[PDB]
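Trainee: This structure is in structure tokens; I'll ask about it shortly.
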Amino acid sequence: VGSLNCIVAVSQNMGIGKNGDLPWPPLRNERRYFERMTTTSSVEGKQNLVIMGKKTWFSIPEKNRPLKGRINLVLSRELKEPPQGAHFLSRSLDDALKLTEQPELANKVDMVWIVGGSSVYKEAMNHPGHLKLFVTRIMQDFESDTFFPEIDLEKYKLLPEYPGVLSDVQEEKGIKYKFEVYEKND
Ligand SMILES: CN(Cc1cnc2nc(N)nc(N)c2n1)c1ccc(C(=O)N[C@@H](CCC(=O)O)C(=O)O)cc1
């Protein structure tokens with residue numbers, strides 16, 4: 001099992017969800033970025049594991065579930081069984097990581113990508129070790145009811161002009177955004 005990563009899109013007001021869905025309208029090129037980052041494995045022959053809460057799962061259009069070319073895992077304590085389309089359910093990130101050390105997954109998984117929401121990001125950020133955050137900064141305020149944790153700049157480093165990520169400001173649907181990458185290692 002390779003690196004642990006978070007990927008998130010966050011508004012100026014730290015918003016990441018409203019009613020369990022994106023606070024902003026769909027951003028097609030941003031979503032394509034998401035697909036590329038989460039799908040590309042760093043080890044030939046292996047797939048990445050995408051971990052998400054139940055609301056994130058439901059927010060994905062059903063025609064695109066499970067996310068193709070990635071192993072999908074849902075984190076929930078409320079769900080009794082993996083939701084329709086998913087084959088893995090865990091109670092917590094540590095439980096999910098334990099699962100990747102098991103036969104079914106042990107030699108299938110490369111990167112782990114946490115893809116939302118709030119509490120699973122918090123879990124990942126509280127986990128010791130090397131962690132990269134791929135953050136899309138949505139450059140406007142949007143009404144939100146869930147939020148991304150603050151990034152501890154005493155611990156994380158911003159990585160300017162990160163390779164393979166566009167450094168210039170992007171725009172879709174009149175909404176500007178930019179890609180930033182941070183990392184910690186402890
Ligand atoms: C609402 N939601 C969660 C979502 C959306 N954008 C994000 N963007 C970033 N940067 N990070 C996230 N965690 C993120 N999460 C969605 C919605 C749709 C798809 C989706 O259909 N993705 C497909 C299709 C991608 C595409 O058509 O471009 C894929 O293959 O990843 C993913 C996540």
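Letters A, B, ... mark the chains of the structure tokens in the order given; residue numbers begin at 1 per chain; ligand numbers begin at 1, in order shown.
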What lies within 7 Å of residue 1 in chain A using only C-alpha atoms, ignoring chain neighbours under 6 positions off, as a PyMOL selection string?

Mentor: chain A and resi 100+106+109-111

Trainee: Once you have the residues from the selection above, write them out as an mmCIF file, in the first residue's frame, restricted to N, CA, C and O atoms.

Mentor:
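Result file is out13.cif:
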data_model
loop_
_atom_site.group_PDB
_atom_site.id
_atom_site.type_symbol
_atom_site.label_atom_id
_atom_site.label_comp_id
_atom_site.auth_asym_id
_atom_site.auth_seq_id
_atom_site.Cartn_x
_atom_site.Cartn_y
_atom_site.Cartn_z
ATOM 1 N N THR A 100 -6.566 -2.926 3.654
ATOM 2 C CA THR A 100 -5.579 -2.932 2.558
ATOM 3 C C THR A 100 -4.364 -3.821 2.821
ATOM 4 O O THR A 100 -3.567 -4.077 1.911
ATOM 5 N N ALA A 106 -4.271 -6.501 -0.515
ATOM 6 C CA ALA A 106 -2.831 -6.363 -0.224
ATOM 7 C C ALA A 106 -1.937 -6.088 -1.429
ATOM 8 O O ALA A 106 -1.035 -5.255 -1.356
ATOM 9 N N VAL A 109 -3.589 -2.651 -4.279
ATOM 10 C CA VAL A 109 -3.723 -1.222 -3.989
ATOM 11 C C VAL A 109 -2.372 -0.515 -4.026
ATOM 12 O O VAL A 109 -1.413 -0.970 -3.393
ATOM 13 N N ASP A 110 -2.313 0.599 -4.758
ATOM 14 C CA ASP A 110 -1.195 1.529 -4.629
ATOM 15 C C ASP A 110 -1.541 2.744 -3.744
ATOM 16 O O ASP A 110 -1.479 2.652 -2.517
ATOM 17 N N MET A 111 -1.882 3.876 -4.349
ATOM 18 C CA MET A 111 -2.160 5.085 -3.567
ATOM 19 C C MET A 111 -3.506 4.979 -2.890
ATOM 20 O O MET A 111 -4.430 4.337 -3.410
#

Trainee: If we count only C-alpha atoms and set the cut-off at 12 Å, which residues sit around range 139-143 of chain A, ignoring sequence neighbours fewer than 4 positions away in its own chain? Please answer as a ChimeraX atom specification.

Mentor: /A:9-19,21-25,135,147,169-172,174-179

Trainee: Please produce an output containing C-alpha atoms for each residue in the selection, written as a JSON list (two decimals), in the first residue's frame.

Mentor:
[["chain", "number", "residue", "atom", "x", "y", "z"],
["A", 9, "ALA", "CA", -12.11, 21.39, -3.62],
["A", 10, "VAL", "CA", -12.79, 24.15, -1.10],
["A", 11, "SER", "CA", -14.45, 27.58, -1.28],
["A", 12, "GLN", "CA", -13.02, 30.85, 0.00],
["A", 13, "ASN", "CA", -15.07, 30.38, 3.19],
["A", 14, "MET", "CA", -13.58, 26.87, 3.73],
["A", 15, "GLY", "CA", -16.77, 25.27, 2.40],
["A", 16, "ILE", "CA", -16.70, 21.74, 0.98],
["A", 17, "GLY", "CA", -20.36, 20.61, 1.19],
["A", 18, "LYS", "CA", -23.93, 21.85, 1.22],
["A", 19, "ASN", "CA", -26.58, 19.21, 1.89],
["A", 21, "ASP", "CA", -23.12, 17.90, -2.27],
["A", 22, "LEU", "CA", -20.75, 20.51, -3.84],
["A", 23, "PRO", "CA", -21.66, 24.07, -2.75],
["A", 24, "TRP", "CA", -20.92, 25.24, -6.34],
["A", 25, "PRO", "CA", -22.29, 24.09, -9.72],
["A", 135, "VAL", "CA", -6.40, 21.37, -2.80],
["A", 147, "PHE", "CA", -15.99, 22.63, 5.93],
["A", 169, "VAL", "CA", -5.62, 30.37, -12.30],
["A", 170, "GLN", "CA", -8.41, 28.35, -13.91],
["A", 171, "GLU", "CA", -11.99, 29.35, -14.66],
["A", 172, "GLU", "CA", -15.25, 27.58, -15.37],
["A", 174, "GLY", "CA", -17.53, 32.31, -14.25],
["A", 175, "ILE", "CA", -15.90, 30.79, -11.12],
["A", 176, "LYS", "CA", -12.15, 31.14, -10.78],
["A", 177, "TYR", "CA", -10.12, 28.46, -9.03],
["A", 178, "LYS", "CA", -6.56, 27.33, -8.59],
["A", 179, "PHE", "CA", -4.72, 24.12, -7.72]]

Trainee: Counting only C-alpha atoms and all ligand atoms, what are the residues, protein, DNA or RNA alike, that approach ligand 1 to within 6 Å? I want them as a PyMOL selection string.

Mentor: chain A and resi 7-9+21-22+28+31-32+34-35+56+59-61+64+67-68+115-116+136

Trainee: With distances taken over only C-alpha atoms, which of A:126, A:76, A:47, A:84 is nearest to residue 62 in chain A?

Mentor: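 Using only C-alpha atoms, residue 62 in chain A sits closest to A:84.
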
Trainee: List the neighbours of residue 124 in chain A out to 12 Å using only C-alpha atoms; skip same-chain residues closer than 6 positions along the sequence, and give me the result as a ChimeraX atom specification.

Mentor: /A:3-7,51-52,92-94,96-97,112-118,130-133,148-149,184

Trainee: To test your reading of the structure, identify every residue in range 108-180 of chain A that backbone DSSP assigns to helix (DSSP H, G or I), and report it as a PyMOL selection string.

Mentor: chain A and resi 118-125

Trainee: How would the residues just chosen look if you wrote them out with C-alpha atoms as a short mmCIF file (atom, residue, chain, number, x, y, z; two decimals), in the first residue's frame?

Mentor:
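Output contents, as saved in out06.cif:
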data_model
loop_
_atom_site.label_atom_id
_atom_site.label_comp_id
_atom_site.auth_asym_id
_atom_site.auth_seq_id
_atom_site.Cartn_x
_atom_site.Cartn_y
_atom_site.Cartn_z
CA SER A 118 -15.15 16.63 6.43
CA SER A 119 -14.62 13.94 9.07
CA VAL A 120 -12.70 11.58 6.81
CA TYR A 121 -10.32 14.43 5.83
CA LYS A 122 -9.85 15.09 9.57
CA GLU A 123 -9.06 11.38 10.11
CA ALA A 124 -6.49 11.44 7.31
CA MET A 125 -4.89 14.65 8.59
#

Trainee: Let's see if you can do this: from backbone DSSP, list all strand (DSSP E or B) residues in range 35-171 of chain A, as an MDAnalysis selection string.

Mentor: chainID A and resid 47:53 71:75 88:90 109:114 130:138 146:147 157:158 170:171

Trainee: How would the residues just picked look written out with C-alpha atoms as a PDB file, in the first residue's frame?

Mentor:
ATOM      1  CA  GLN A  47      -5.178   0.468  -8.793  1.00  0.00           C
ATOM      2  CA  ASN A  48      -5.639   3.305  -6.325  1.00  0.00           C
ATOM      3  CA  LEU A  49      -8.079   3.056  -3.440  1.00  0.00           C
ATOM      4  CA  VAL A  50     -10.611   5.895  -3.169  1.00  0.00           C
ATOM      5  CA  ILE A  51     -12.099   6.353   0.300  1.00  0.00           C
ATOM      6  CA  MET A  52     -15.171   8.468   0.919  1.00  0.00           C
ATOM      7  CA  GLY A  53     -18.020   9.108   3.358  1.00  0.00           C
ATOM      8  CA  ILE A  71     -11.132   0.490  -5.878  1.00  0.00           C
ATOM      9  CA  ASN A  72     -14.027   2.219  -4.058  1.00  0.00           C
ATOM     10  CA  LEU A  73     -14.437   2.136  -0.316  1.00  0.00           C
ATOM     11  CA  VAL A  74     -17.152   3.875   1.695  1.00  0.00           C
ATOM     12  CA  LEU A  75     -16.663   4.904   5.339  1.00  0.00           C
ATOM     13  CA  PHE A  88     -16.117  -2.220   0.556  1.00  0.00           C
ATOM     14  CA  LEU A  89     -17.473  -0.572   3.723  1.00  0.00           C
ATOM     15  CA  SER A  90     -15.387   0.396   6.802  1.00  0.00           C
ATOM     16  CA  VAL A 109      -3.723  -1.222  -3.989  1.00  0.00           C
ATOM     17  CA  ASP A 110      -1.195   1.529  -4.629  1.00  0.00           C
ATOM     18  CA  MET A 111      -2.160   5.085  -3.567  1.00  0.00           C
ATOM     19  CA  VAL A 112      -4.948   5.827  -1.159  1.00  0.00           C
ATOM     20  CA  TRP A 113      -6.993   8.935  -2.024  1.00  0.00           C
ATOM     21  CA  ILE A 114      -9.388  10.393   0.552  1.00  0.00           C
ATOM     22  CA  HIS A 130       3.610  11.317   4.829  1.00  0.00           C
ATOM     23  CA  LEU A 131       0.419  13.018   3.605  1.00  0.00           C
ATOM     24  CA  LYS A 132      -0.158  15.137   0.511  1.00  0.00           C
ATOM     25  CA  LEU A 133      -3.161  17.442   0.121  1.00  0.00           C
ATOM     26  CA  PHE A 134      -4.259  18.314  -3.412  1.00  0.00           C
ATOM     27  CA  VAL A 135      -6.404  21.367  -2.801  1.00  0.00           C
ATOM     28  CA  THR A 136      -8.534  23.133  -5.400  1.00  0.00           C
ATOM     29  CA  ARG A 137      -9.125  26.675  -4.088  1.00  0.00           C
ATOM     30  CA  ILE A 138     -12.542  27.827  -5.361  1.00  0.00           C
ATOM     31  CA  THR A 146     -19.588  21.380   6.010  1.00  0.00           C
ATOM     32  CA  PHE A 147     -15.990  22.632   5.925  1.00  0.00           C
ATOM     33  CA  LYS A 157       4.532  22.850   3.375  1.00  0.00           C
ATOM     34  CA  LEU A 158       2.982  24.421   0.310  1.00  0.00           C
ATOM     35  CA  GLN A 170      -8.413  28.352 -13.910  1.00  0.00           C
ATOM     36  CA  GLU A 171     -11.988  29.352 -14.657  1.00  0.00           C
TER      37      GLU A 171
END

Trainee: Can you tell me how far CA of residue 38 in chain A sits from CA of residue 86 in chain A, in Å to one decimal?

Mentor: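 Result for CA of residue 38 in chain A versus CA of residue 86 in chain A: 16.7 Å, one decimal.
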